[PDB]
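Report on the structure given below.
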Amino acid sequence: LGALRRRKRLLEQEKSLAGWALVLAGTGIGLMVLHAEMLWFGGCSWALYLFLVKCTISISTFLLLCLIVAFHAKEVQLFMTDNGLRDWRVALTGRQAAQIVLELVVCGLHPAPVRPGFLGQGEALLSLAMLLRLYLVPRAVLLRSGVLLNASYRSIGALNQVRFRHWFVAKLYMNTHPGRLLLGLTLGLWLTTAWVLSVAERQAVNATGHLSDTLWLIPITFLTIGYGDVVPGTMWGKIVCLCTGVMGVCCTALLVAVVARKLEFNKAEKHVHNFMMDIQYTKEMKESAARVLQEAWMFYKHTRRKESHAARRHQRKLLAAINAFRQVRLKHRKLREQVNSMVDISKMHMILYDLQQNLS
Amino acid sequence: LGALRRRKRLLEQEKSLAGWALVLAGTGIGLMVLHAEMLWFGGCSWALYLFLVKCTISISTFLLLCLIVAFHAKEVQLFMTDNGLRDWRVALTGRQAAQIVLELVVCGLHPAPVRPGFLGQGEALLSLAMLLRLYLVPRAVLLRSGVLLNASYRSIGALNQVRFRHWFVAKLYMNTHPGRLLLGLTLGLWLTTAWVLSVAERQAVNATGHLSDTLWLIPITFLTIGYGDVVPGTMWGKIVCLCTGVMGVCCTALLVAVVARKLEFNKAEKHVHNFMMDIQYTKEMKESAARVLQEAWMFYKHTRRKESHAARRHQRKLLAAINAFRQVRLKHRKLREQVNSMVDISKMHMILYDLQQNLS
Amino acid sequence: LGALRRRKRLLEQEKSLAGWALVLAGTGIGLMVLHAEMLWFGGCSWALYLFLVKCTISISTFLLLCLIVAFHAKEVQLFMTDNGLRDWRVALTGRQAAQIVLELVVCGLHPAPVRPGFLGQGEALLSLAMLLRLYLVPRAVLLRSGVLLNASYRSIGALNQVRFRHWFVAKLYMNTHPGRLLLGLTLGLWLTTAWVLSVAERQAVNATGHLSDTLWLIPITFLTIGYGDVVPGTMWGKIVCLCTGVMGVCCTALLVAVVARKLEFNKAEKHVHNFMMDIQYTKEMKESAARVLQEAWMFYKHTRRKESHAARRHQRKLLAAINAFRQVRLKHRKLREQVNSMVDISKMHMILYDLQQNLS
Amino acid sequence: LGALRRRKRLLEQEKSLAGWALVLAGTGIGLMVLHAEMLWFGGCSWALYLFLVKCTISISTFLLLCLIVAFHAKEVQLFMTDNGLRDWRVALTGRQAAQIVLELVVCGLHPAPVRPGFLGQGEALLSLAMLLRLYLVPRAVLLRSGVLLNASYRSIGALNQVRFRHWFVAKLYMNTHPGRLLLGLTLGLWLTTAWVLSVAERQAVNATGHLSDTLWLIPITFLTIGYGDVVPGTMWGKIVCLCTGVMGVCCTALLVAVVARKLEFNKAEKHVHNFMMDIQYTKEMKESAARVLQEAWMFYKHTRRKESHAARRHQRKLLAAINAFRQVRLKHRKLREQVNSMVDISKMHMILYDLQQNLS
Amino acid sequence: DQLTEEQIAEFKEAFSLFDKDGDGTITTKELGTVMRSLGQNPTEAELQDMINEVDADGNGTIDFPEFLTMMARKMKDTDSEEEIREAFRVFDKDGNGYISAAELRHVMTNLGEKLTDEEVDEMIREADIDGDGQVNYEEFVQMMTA
Amino acid sequence: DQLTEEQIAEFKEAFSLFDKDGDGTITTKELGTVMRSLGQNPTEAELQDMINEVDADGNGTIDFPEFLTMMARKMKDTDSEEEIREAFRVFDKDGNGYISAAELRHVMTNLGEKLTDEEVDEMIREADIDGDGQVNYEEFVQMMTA
Amino acid sequence: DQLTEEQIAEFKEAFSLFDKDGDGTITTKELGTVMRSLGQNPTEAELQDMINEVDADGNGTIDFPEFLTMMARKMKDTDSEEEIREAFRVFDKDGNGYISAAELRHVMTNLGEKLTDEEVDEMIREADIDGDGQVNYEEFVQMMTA
Amino acid sequence: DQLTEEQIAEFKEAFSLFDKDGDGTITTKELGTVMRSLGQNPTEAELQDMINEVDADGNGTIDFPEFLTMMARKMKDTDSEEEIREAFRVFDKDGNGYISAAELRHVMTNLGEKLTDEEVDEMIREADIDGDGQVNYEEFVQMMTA
Ligand SMILES: O=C1Nc2c(ccc(Cl)c2Cl)/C1=N\O
Ligand SMILES: [Ca+2]
Ligand SMILES: [Ca+2]
Ligand SMILES: [Ca+2]
Ligand SMILES: [Ca+2]
Ligand SMILES: [Ca+2]
Ligand SMILES: [Ca+2]
Ligand SMILES: [Ca+2]
Ligand SMILES: [Ca+2]
Ligand SMILES: [K+]
Ligand SMILES: [K+]
């Protein structure tokens, strides 16, 4: 039974080879914002510093490719171990090569150090194309969470065929605490877009767009409260604004639904509420009936002994008492009818009777 | 059984203290608008009435700072009786001390009377920090609702294992009458914010921003119908609008949900509607069948006499009477499924038969 | 049995007197728009033609007051007949007098003919206060509809306590034609508000607030797409827009709910969909198994005949045919479970077995 | 049984005659667009090539009219075959003639070649009236899809009375791929309206209303984020903008509903989640009980040794542990109730016992 | 009869809903199945009470002469007989068709405005036309109608 | 047969849905379980009627020659036989397979345009080919087909 | 009694909810039907346990003197008796009303901070007042109360 | 054993979920109640098949040595034994544990790329190691494994 040991060893190796490929991507992304802002706020007096920063982002890219290749080699070896083959020329399919080539190309775009403060079209596109390395997060999160290596999850799921994947883990992480994820995502999107929109339309003299205005423009567009004080001026900002608007329209309703759901009653409190409303309505009904039955005798004994105005007053109050009694009776009857078919006070008795009949 | 007395006495005492610790906070908040507005519509002319108020808003706080401590002492004295301890050094944790210190410092910020019409930077924040005294409302409402003292209400709740806190009473008030709460809250948030936005954009040279324009700006932002005629012009005025929009996005949905829910049918009229629609369909079918048959007979009798166009007309009318009959029959057949599946009828009869069989 | 004869006469009299009190209100409302437009587009040139129109709307109001009093003189006689009283001094209650006085006051406001093209404050308020006579529509619609007079509705409703009122008829009309009512109301409001907003901010020197701009302003505010090209410029024009937005927020949700509802499957088509999908999946499984087996046979043959690349190709094709078969089987299993659980074939079989056991 | 063969041949004929009547409409629309663009970007130079594109759309229209007239003969023949008639004068109803005339006069409007870059009013409406030929799509899609000719669908649906029509196929297509349809419709309506809005308002002296601005204006109005930088300036553009807003209000709601529905759990994973949460709560309780007991034992140990601070610390830790135990116990009880409700193993056992009792 | 022809036809059509079998009388089964169709699930005792509260001859069946009288009361909105008979069951803790002195005493001398023992005794004596301690429904309705 | 091979194959495949057991005939149980799968819960009498309305030989089972004829009618949209047989049950208040004079009289002389007693009698005499008072389904279908 | 009149009246009114029959005692059926109304479906053993955990005389019924004592505990929020008795069932793998040495050993020497065999034996000896191996609930409660 | 201590402990803990009674073996009732908890309602035959497909000794119970082998297969994602045994039931229209010539002929010579009678006969002869017409599961698995 060495297959289990081999699988555990290979999975543990992948858990680290896919965790050390995220630090390098984060560093490569971080060492670009600094370079761009230093080129903007600086100029021609930081030549060697800019060269050093633009060479570090090329040194820290020759290791990401090696890590990706090693991870894919480990995955192929794991497949070979699973299927019991012996020659690696059979395990590779017709799409793994395309996947590897695409990942190598996507994770290999950066400002090449092959070199008045502005970014050219090619350099700007390459720098803004380094935000596509965020597809590594699910791959480095799924392996780290201990749900694949557990000896009970896989035993229970076999009887139900769940086939743990990215979507199951995402569903669990969403259902554990929906609010925190939504707030974090909104606060991350309100800030990672305010810099792309800034770099899209920086202005040299009398800046019409920068980080001081995009931080006000982005939330307004996100909430669909577009005022009109500031508007995009180029063709590369309108697309960003449209994307932000679409994301906001799609994202507001989730928080709306969560907040609406949070305020509903529980199944263990509605029963108590009904069981106390019953007592309240019974007391009110008896209280009204008492007045209804005193007023008739009051009228009778004020009418038998002559007098007119007192009889008129008593007769006029009798009808109001009757009306109030009728209203209370209707409310109580409606509540009883609701209780009869909601908590199912008789369904439990019927089930118990059926069980007793089956037993005897 | 002295616990049942020493608990009621302490609960009544702390209810009285919690109810009397709100009037002082209300007066303290009230004596700030009469100072700010007086300083605005005034100046060097009022040099003593701007000192009397600023000296009174300290006397009105030195009593709150003692009522809070008295309440927090009575709570510990009640906890000791609950657990039957003897030494007070045991009943105090660290979290309670942190809460007491935080409450003491939060309820102790006010314009200090340690002194051309403008709230100088440094005390405007202190004045606007006196709106945090609204956390006392739930504590003074829960102790006065009266559901914590009923003897017939803590046993029904004990059987179902429910605990009474600040959330159960809030749910009860929300579900007793939801419309009133929303209509009284959206008219309070439209007014307690139109002054906070006014104090941050008061302009002396012209009327750039005041209570005449904020009362028009706030509802527009709240309803996400942002026109653009007036826009904020200060970093402190560009956050209140975002908060208002965030609140409105949820409040509008909460209102429309209830509005949509109100108009629906209940379970006591749909059955009557179905019955009286069935009564109509079962005579529409009878109406159509007779026309079909008499048109057929007219066609036969007219074609028996070698007519030319009478037979054609009768056949053409028959070929549409058949279609009308088919449509009516299909509608009736569709409705019968609902009247025999939704109200069950057969299921209720089967349940009654099963109960009768179990009984005998 | 004389009550059954003396009630169906008084009810018809009330129906006539409530249907003839709406024509006069409509005429009175109509003879005000004409007067206002004539005064605007005309002036001091026409005075007799204004004095005639402003005098007709008093003759057309005296009759309305008389009809209101006459109608309210019948609900007392009906009450006397219902309760069998003899003296009318007992039937009248405290609240009915207030209701009658309020109706007389509300239905008695109009421009009094007690008399450079403009409307004064008092005359404008009186004219715009004649749109409150729309509370007569429900009273004249409920009586005309033949639901309070049928001998079957009142017999069926007694067993269920429905108590036909305005709300029941309104809900019936809403649920009979959900779309037509909304499509009519959203067009009636867009035109009855565009004139109230026009009369508030008419401009004489330059056409800046006439009817050619409000017809564009009102729908934009209604749909919350506020552009900012035209904005109201008076205190009385800043409330109508808020009311329009408040109404539109609810109307949009009410419309989209119905639009989403219209496209859902019913209960008699999902069964056919499932019953055909099952056949399709069975055919797919039977198709894939054959390829799985024939690829293995080809692999065995080419291995026996001492080949290498053919064996490799057959291995590679087998390792994908197996995956396709697994995917198809997993897709089929869930639909089979749904069929076994959605249409409740097992539940129907159990119900039939229980009925058979009860019979025998 | 020649009726089946005749029906099959006629239904195959009128499918080709309905699929060949859409290519001509597409060609006509394309030629109209090309002619309009050439007229805008041309003038007197292209004085001849605007007489060929304006002449081909007459031949195409004539062919389309011939095909439309030919199609309705086969439907009448199908009706005659279905009903077994012999004279065609009986099968023509009153409404069918009106339908044929309307379809002849709607598919027969085009710029007549009966003849400076400004499309003179009078034929612009004709050129924009050729977008009404999109009612032919359902009539050519329903016939092409093989659901009306299958020998199993018509047999299964006869037992349920489904009566396959346009709506059933539309619902099936909507349910099969709910995601792609919304994207396709939105990307089609964001582009087929940006040209109509461009032709409605197209300034000549200065380019202020061409296609470079409508592609930015239309999505903004669609998303209800109206900025105000560009607004329509004619009576024929405001209607288009209102229609776009009305469509967007519903499309956004539909897309949001689909996205919200996508993320929910299914019925095969909630049970696993509940089971694996119970397995962990039943360990948390065991973890806490041991700490409670050992703290109690330590407190009892440090009381006969005349120690004070140790006893106080142990007492406080005991109280804290007792407090911590209760929350876990309550959560476990609630989860046990939840797993005993709606997935009740007790209910399953009761059903099994009822089945066993019925069997024996 | 003072009714016209149209009213008689309408009432006969309403009656035909309940008398579907055409026998000319209403029995327990027909009312039970109508109530089943409406949604309720009445019991045998409830059906018997609801079918006996209307009939006057006592044959156990309800026909048109005993149905028109009942229909004459359900049409009006402000009833004054059902609300009077439902003020009888609330006081009726005896369990039989009578009201005892103790029930009235503890339901009236306490609820609302507190009464007196002498006043309660006087009311009981006035209601007891026959002089018996218990109060029947006839004297109850008579006292309230006056 | 005038049908081609593909149509015969399609109809055989449709038949195989109902004749899953492979016996070559359709019985009550197979139709019942198909209807159970579709969602309905038919009764024994309903199943017997639906399985006997099609067969012509009378053996109690339905095979391909008696199934193709039935399938030739469900394909077309505008039926003229089901809507004729369903105008027979509405008039049939007799309870048997016949129509009496009183039923026709009170269903036709009142509904729609009021007829006359002489016209109703003439129609009954014309429909009664055998001269009997009752009208069978054969004469009904013949009269409406003409 | 140290209680006032209003508290006694409130507690009597609360008791009358459970003692609806008026006998003056609470039996299994009344508690069962109250729980049925609340939504739960208790079993006979559960009802017997919940009705026997409170009574002290042992007659099988609960009256006001044995109900006021129980009500004196449900009012307070921070209980210290239910949470102590529920730390008894978790350890109780014996199945009887006693705790054996093996249960304590494998529940305490492993969970939390690992204990020692000598410490477990010393704790068992200290708890065993009577010297028997098993530990009763009285000794458990006494040890934790101290 | 090549496994470490932690893996053995994890597998024992997973086994203890099914063997709650502590006997050391898994029976039909325990698996049935676990499946009931998960939501399914298995039948006796299904439970017997699922409990007999794993055991090798044949005693009718499953213990740790016969459970570790089963658990070593459910962990991997790409199975190649369940998908091979489920390609056996589809072809198996015989009803027994064997494959006849007619089944293979009409399922393979028609579906996919049409085969030939000679090729089908050759495949049947090659699969039939014992020479019998029927093909057992052993030869089936052997042929596909190669
Ligand atoms: O997933 C499974 N777990 C099982 C199975 C069959 C038998 C047993 Cl005992 C166990 Cl624990 C299973 N299916 O083969
Ligand atoms: Ca009858
Ligand atoms: Ca009678
Ligand atoms: Ca068969
Ligand atoms: Ca036959
Ligand atoms: Ca009792
Ligand atoms: Ca006792
Ligand atoms: Ca076991
Ligand atoms: Ca074994
Ligand atoms: K907006
Ligand atoms: K705007």
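Ordering of the structure tokens sets the chain letters (A, B, ...), residue numbers begin anew at 1 in every chain, and ligands are numbered from 1 in the order given.
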Tell me, as a count of residues only, which residues lie within 10 Å of residue 143 (chain D), counting only C-alpha atoms; anything in the same chain fewer than 3 positions away does not count. 15
Could you list the residues in chain E lying within 12 Å of chain A, using only C-alpha atoms, and format the result as a PyMOL selection string? chain E and resi 39-41+77-92+103-115+119-120+122-124+126-127+140-146
With a distance threshold of 9 Å and counting only C-alpha atoms, extract the residues of chain B near chain C and express them as a PyMOL selection string. chain B and resi 216+219-220+223-229+252+255-257+259-260+263-265+268-269+272-273+275-276+350+353-354+357
Let me have all residues with an atom within 10 Å of ligand 7, counting only C-alpha atoms and all ligand atoms, laid out as an MDAnalysis selection string. chainID G and resid 25:26 51:52 54:67
Can I get the selection written as a PDB file, in the first residue's frame, with N, CA, C and O atoms?
ATOM      1  N   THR G  25     -52.404  19.838  40.886  1.00  0.00           N
ATOM      2  CA  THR G  25     -51.150  19.135  40.664  1.00  0.00           C
ATOM      3  C   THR G  25     -50.892  19.037  39.168  1.00  0.00           C
ATOM      4  O   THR G  25     -51.822  19.080  38.360  1.00  0.00           O
ATOM      5  N   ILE G  26     -49.619  18.901  38.807  1.00  0.00           N
ATOM      6  CA  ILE G  26     -49.201  18.768  37.417  1.00  0.00           C
ATOM      7  C   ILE G  26     -48.849  17.312  37.153  1.00  0.00           C
ATOM      8  O   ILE G  26     -48.073  16.707  37.903  1.00  0.00           O
ATOM      9  N   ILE G  51     -40.334  15.576  34.717  1.00  0.00           N
ATOM     10  CA  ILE G  51     -41.291  15.768  35.800  1.00  0.00           C
ATOM     11  C   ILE G  51     -40.799  15.193  37.123  1.00  0.00           C
ATOM     12  O   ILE G  51     -41.344  15.544  38.180  1.00  0.00           O
ATOM     13  N   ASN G  52     -39.787  14.324  37.102  1.00  0.00           N
ATOM     14  CA  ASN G  52     -39.226  13.779  38.329  1.00  0.00           C
ATOM     15  C   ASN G  52     -37.977  14.508  38.801  1.00  0.00           C
ATOM     16  O   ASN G  52     -37.596  14.353  39.967  1.00  0.00           O
ATOM     17  N   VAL G  54     -37.744  17.516  39.509  1.00  0.00           N
ATOM     18  CA  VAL G  54     -38.136  18.665  40.310  1.00  0.00           C
ATOM     19  C   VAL G  54     -38.791  18.249  41.621  1.00  0.00           C
ATOM     20  O   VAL G  54     -38.517  18.840  42.667  1.00  0.00           O
ATOM     21  N   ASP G  55     -39.655  17.237  41.588  1.00  0.00           N
ATOM     22  CA  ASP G  55     -40.410  16.858  42.775  1.00  0.00           C
ATOM     23  C   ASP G  55     -39.488  16.309  43.858  1.00  0.00           C
ATOM     24  O   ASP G  55     -38.510  15.614  43.573  1.00  0.00           O
ATOM     25  N   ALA G  56     -39.811  16.627  45.110  1.00  0.00           N
ATOM     26  CA  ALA G  56     -39.034  16.194  46.265  1.00  0.00           C
ATOM     27  C   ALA G  56     -39.751  15.172  47.131  1.00  0.00           C
ATOM     28  O   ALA G  56     -39.109  14.260  47.654  1.00  0.00           O
ATOM     29  N   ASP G  57     -41.069  15.303  47.302  1.00  0.00           N
ATOM     30  CA  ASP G  57     -41.808  14.339  48.112  1.00  0.00           C
ATOM     31  C   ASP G  57     -41.806  12.956  47.474  1.00  0.00           C
ATOM     32  O   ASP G  57     -41.697  11.943  48.175  1.00  0.00           O
ATOM     33  N   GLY G  58     -41.925  12.890  46.152  1.00  0.00           N
ATOM     34  CA  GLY G  58     -41.931  11.630  45.442  1.00  0.00           C
ATOM     35  C   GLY G  58     -43.295  11.078  45.097  1.00  0.00           C
ATOM     36  O   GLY G  58     -43.381   9.921  44.669  1.00  0.00           O
ATOM     37  N   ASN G  59     -44.360  11.862  45.263  1.00  0.00           N
ATOM     38  CA  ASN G  59     -45.704  11.389  44.956  1.00  0.00           C
ATOM     39  C   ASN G  59     -45.972  11.287  43.460  1.00  0.00           C
ATOM     40  O   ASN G  59     -47.008  10.738  43.071  1.00  0.00           O
ATOM     41  N   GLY G  60     -45.074  11.794  42.617  1.00  0.00           N
ATOM     42  CA  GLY G  60     -45.265  11.772  41.183  1.00  0.00           C
ATOM     43  C   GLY G  60     -45.949  12.989  40.603  1.00  0.00           C
ATOM     44  O   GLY G  60     -46.102  13.068  39.377  1.00  0.00           O
ATOM     45  N   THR G  61     -46.368  13.938  41.436  1.00  0.00           N
ATOM     46  CA  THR G  61     -47.018  15.157  40.982  1.00  0.00           C
ATOM     47  C   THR G  61     -46.284  16.364  41.548  1.00  0.00           C
ATOM     48  O   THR G  61     -45.616  16.284  42.582  1.00  0.00           O
ATOM     49  N   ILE G  62     -46.419  17.491  40.854  1.00  0.00           N
ATOM     50  CA  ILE G  62     -45.763  18.739  41.225  1.00  0.00           C
ATOM     51  C   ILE G  62     -46.835  19.765  41.558  1.00  0.00           C
ATOM     52  O   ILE G  62     -47.743  20.004  40.753  1.00  0.00           O
ATOM     53  N   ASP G  63     -46.730  20.366  42.737  1.00  0.00           N
ATOM     54  CA  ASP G  63     -47.663  21.387  43.192  1.00  0.00           C
ATOM     55  C   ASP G  63     -46.910  22.698  43.425  1.00  0.00           C
ATOM     56  O   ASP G  63     -45.718  22.814  43.135  1.00  0.00           O
ATOM     57  N   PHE G  64     -47.625  23.689  43.959  1.00  0.00           N
ATOM     58  CA  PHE G  64     -47.051  25.024  44.120  1.00  0.00           C
ATOM     59  C   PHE G  64     -45.817  25.054  45.014  1.00  0.00           C
ATOM     60  O   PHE G  64     -44.835  25.722  44.644  1.00  0.00           O
ATOM     61  N   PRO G  65     -45.787  24.406  46.186  1.00  0.00           N
ATOM     62  CA  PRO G  65     -44.553  24.444  46.989  1.00  0.00           C
ATOM     63  C   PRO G  65     -43.343  23.861  46.278  1.00  0.00           C
ATOM     64  O   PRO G  65     -42.220  24.318  46.517  1.00  0.00           O
ATOM     65  N   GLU G  66     -43.533  22.867  45.414  1.00  0.00           N
ATOM     66  CA  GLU G  66     -42.439  22.308  44.632  1.00  0.00           C
ATOM     67  C   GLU G  66     -42.282  22.977  43.273  1.00  0.00           C
ATOM     68  O   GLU G  66     -41.395  22.589  42.507  1.00  0.00           O
ATOM     69  N   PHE G  67     -43.124  23.958  42.953  1.00  0.00           N
ATOM     70  CA  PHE G  67     -43.017  24.720  41.715  1.00  0.00           C
ATOM     71  C   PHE G  67     -42.359  26.075  41.917  1.00  0.00           C
ATOM     72  O   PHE G  67     -41.639  26.548  41.034  1.00  0.00           O
TER      73      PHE G  67
END
Could you tell me, counting only C-alpha atoms and all ligand atoms, which protein and nucleic acid residues lie no more than 7 Å from ligand 8, written as a list in words? residues 19, 20, 21, 22, 23, 24, 25, 26, 27 and 30 of chain H
Test item, helix (DSSP H, G or I) assignment across region 135-267 of chain B, answer as an MDAnalysis selection string: chainID B and resid 135:145 156:159 166:176 178:189 196:199 211:222 240:262
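The spacing separating CA of residue 136 (chain A) from CA of residue 79 (chain A) amounts to 20.8 Å.
With CA of residue 68 (chain H) on one side and CA of residue 78 (chain A) on the other, the separation reads 20.6 Å.
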